[PDB]
Amino acid sequence: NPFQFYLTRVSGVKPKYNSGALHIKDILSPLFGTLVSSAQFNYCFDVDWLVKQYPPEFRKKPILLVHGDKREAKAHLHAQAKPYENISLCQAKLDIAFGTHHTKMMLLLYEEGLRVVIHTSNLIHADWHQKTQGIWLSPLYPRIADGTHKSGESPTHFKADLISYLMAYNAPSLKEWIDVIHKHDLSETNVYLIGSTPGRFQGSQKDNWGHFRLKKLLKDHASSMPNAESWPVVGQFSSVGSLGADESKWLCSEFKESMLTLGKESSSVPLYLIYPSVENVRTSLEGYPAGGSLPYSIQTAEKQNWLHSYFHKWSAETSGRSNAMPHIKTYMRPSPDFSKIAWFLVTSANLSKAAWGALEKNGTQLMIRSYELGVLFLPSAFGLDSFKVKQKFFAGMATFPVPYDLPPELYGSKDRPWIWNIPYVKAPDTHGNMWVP
Ligand SMILES: O=C(O)c1ccc(C(=O)O)c(C(=O)O)c1
């Protein structure tokens with residue numbers, strides 16, 4: 001396949017639903033390359049578990065953990081890593097309040113070249129066990145011969161864009177990885193990088209990050225079609241931030257406006273938001289504990305009940321994953337009959353202003369609180385006008401593997417969004433338990 005978009009392995013589904021899936025042990029296997037050094041960008045780490053996922057012969061190679069933890073949380077992570085002399089740490093600066101380092105990425109340096117993995121899972125056992133998670137695997141990038149002068153750049157500008165993302169950290173350990181990337185040929189890359197970094201961006205820099213980055217790419221590299229107003233927008237996520245008192249504050253005013261963009265020319269577009277209901281979580285493989293990774297709080301939700309009329313259940317019969325709660329985040333633009341898509345994005349970014357950015361200073365400044373990273377699949381990057389939706393995710397090449405069912409199904413009148421910090425004691429989960437936070 002040209003897309004190299006994978007799901008993680010799920011324990012408990014039939015083998016046909018894991019045949020083309022990837023576990024972290026598969027990614028780090030010697031079959032993918034002879035490891036020299038790696039960087040693990042993430043939010044949550046179980047270091048003992050993480051080292052065990054590397055092949056035994058590679059467990060003493062240098063590992064850099066890129067994280068956002070501060071104060072006692074930072075101390076706890078350093079304590080986890082101190083037993084392993086080969087592990088270094090890089091604290092990403094979070095100078096804007098309420099920001100987090102959400103980016104999930106592996107940089108894998110081999111004797112044979114370099115690989116980049118952009119994915120959605122925390123580095124803990126539970127995130128790779130029974131969740132729906134997404135992975136994009138780069139090609140093996142060869143080294144540019146010493147003395148040869150070439151860009152190693154792709155038509156999607158991925159090399160420059162990845163270096164720009166890393167430069168924003170202003171960190172010495174990542175300057176080393178920038179120099180590694182400079183030395184490799186990334187020209188085969190067919191995806192666009194969409195990142196968020198913390199800051200306040202005006203002028204030219206506004207288009208570098210967050211939903212303005214997405215808008216710029218859709219303006220420049222997608223085409224509008226007739227009846228574009230009938231092509232819905234779908235967003236699918238594992239948490240929701242505070243979006244404001246009504247849809248005009250952010251969701252349908254600047255966020256949807258960026259997501260609607262197609263082509264260079266100057267709204268009733270349907271918006272489908274996919275987020276697990278309480279019943280989805282209760283009947284899941286993990287049961288109610290799956291809701292520990294769906295951190296929508298009652299404090300946030302009670303100020304925006306307007307939002308929940310947009311919500312659709314999690315359903316993923318196409319990939320056998322209806323009971324594997326989603327920690328993947330995806331956004332896409334299907335046709336009115338959901339048979340084609342104009343683009344597809346897999347990312348760490350949830351439905352929040354912190355992740356995507358919010359306009360400030362009379363619309364002239366985009367403020368982002370967090371680090372996020374995803375990759376955008378555009379038909380033009382594959383010589384196509386649109387992608388045909390693959391009917392069965394794992395079945396039998398230019399059709400895009402959408403991991404959940406279309407059309408999405410609206411919540412029923414008795415359904416409620418999963419809210420993690422209130423109790424559920426009416427009906428027990430698949431393990432026999434209630435939920436009492
Ligand atoms: O909203 C939060 O507090 C939150 C924190 C961390 C993560 C993560 O796994 O990186 C997520 C998520 O991606 O669902 C959400």
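Numbers for residues simply follow the sequence, beginning at 1. Side-chain atoms are counted along with the backbone in the values below, which use heavy atoms only and exclude waters and symmetry mates.
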Does the side-chain contact (heavy atoms from CB on, under 4.5 Å) test come out yes or no for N122 and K131, once each step is laid out? CA-CA 11 Å; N122 291 280; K131 302 195 184 301; over 6 Å; no
Between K70 and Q91, does a side-chain contact (heavy atoms from CB on, under 4.5 Å) hold up when you go through it step by step? CA-CA 8 Å; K70 307 174 178 173; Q91 176 195 19; 3.7 Å; yes
Can a side-chain donor-acceptor contact be found between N421 and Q299 if the only test is distance below 3.5 angstrom? yes
For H308, the side-chain contact (heavy atoms from CB on, under 4.5 Å) test, sequence neighbours excluded, returns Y296, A301, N305, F311, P417
More than 12 heavy atoms of other residues, nucleotides or ligands under 6.0 Å from CE of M167: is that the case? no
Evaluate the side-chain proximity of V278 to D415: yes if any heavy-atom separation is below 4.5 Å, no if none is. no
Thinking salt bridges, do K313 and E279 make one under a 4.0 Å N-O criterion? no
With a 3.5 Å cut-off and sequence neighbours excluded, list the donor-acceptor pairs that the side chains of residues 378-386 form with protein atoms.
residue : atom : partner : partner atom : Å
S380    : OG   : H221    : O            : 2.8

In the structure I gave you, are the side-chain heavy atoms of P334 and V389 within less than 4.5 Å of one another anywhere? no
Minimum heavy-atom separation for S348 to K329, with atom names? O-CE, 3.3 Å
Hydrogens and angles aside, do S339 and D337 bring a side-chain donor and acceptor to less than 3.5 Å of each other? yes
Distance alone, cut at 3.5 Å: any donor-acceptor contact between the side chains of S239 and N350? no
In this structure, are over 12 heavy atoms from other groups packed under 6.0 Å from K249 atom NZ? yes
Run the side-chain contact (heavy atoms from CB on, under 4.5 Å) check on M325 and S284 step by step: do they pass? CA-CA 7 Å; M325 287 303 96; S284 72; 3.7 Å; yes
List the steps and the verdict of side-chain contact (heavy atoms from CB on, under 4.5 Å) for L193 and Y165. CA-CA 9 Å; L193 194 68; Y165 175 80; 4.2 Å; yes
Identify, with sequence neighbours excluded, every residue that meets side-chain contact (heavy atoms from CB on, under 4.5 Å) alongside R115. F32, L108, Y110, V117, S138, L140
For the side-chain contact (heavy atoms from CB on, under 4.5 Å) test, which of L123, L174, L373 pairs with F41? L174
Can a salt bridge be assigned to the pair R213 and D161 using a cut-off of 4.0 Å between side-chain N and carboxylate O? yes
Measuring centre to centre across the rings, with the benzene-like ring taken for any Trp, is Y331 within less than 6.0 Å of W356? yes
Can you name the closest pair of heavy atoms from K392 and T318 and give their distance? CA-OG1, 3.6 Å
Would the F3 and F344 ring centres measure less than 6.0 Å apart? no
May I ask you to establish whether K215 and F212 are in a cation-pi arrangement, using a distance under 6.0 Å from NZ or CZ to the six-membered ring centre and at most 45° from the ring axis? yes
Classify the side-chain pair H119/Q133 by whether it contains a donor and acceptor separated by less than 3.5 Å. no
Main-chain N/O of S370 paired with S196 side-chain donor or acceptor, under 3.5 Å: no
Are the side chains of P403 and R321 in contact, using a 4.5 Å heavy-atom criterion? no
Using the six-membered ring wherever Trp is involved, compare the ring planes of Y272 and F338 and label them parallel, tilted or perpendicular (cut-offs 30° and 60°). perpendicular
Applying ring-ring contact (aromatic ring centres under 6.0 Å, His included), run through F387 and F377 and close with a yes or a no. CA-CA 9 Å; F387 298 127; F377 298 88; 7.2 Å; no
Check: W128 and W49 side chains under 4.5 Å, non-hydrogen atoms: yes
I'd like to know if the side chain of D185 pairs up with that of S187 as donor and acceptor (distance under 3.5 Å, no hydrogens or angles considered). yes
Any donor and acceptor pair, going by atom type alone, linking the side chain of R369 with main-chain N or O of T100 inside 3.5 Å? no
Quick check, are the ring centers of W314 and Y404 under 6.0 angstrom apart? yes
Would you call the rings of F45 and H67 parallel, tilted or perpendicular if under 30° counts as parallel and over 60° as perpendicular? perpendicular
Backbone of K93 reached by a side-chain donor or acceptor of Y371 within 3.5 Å: yes
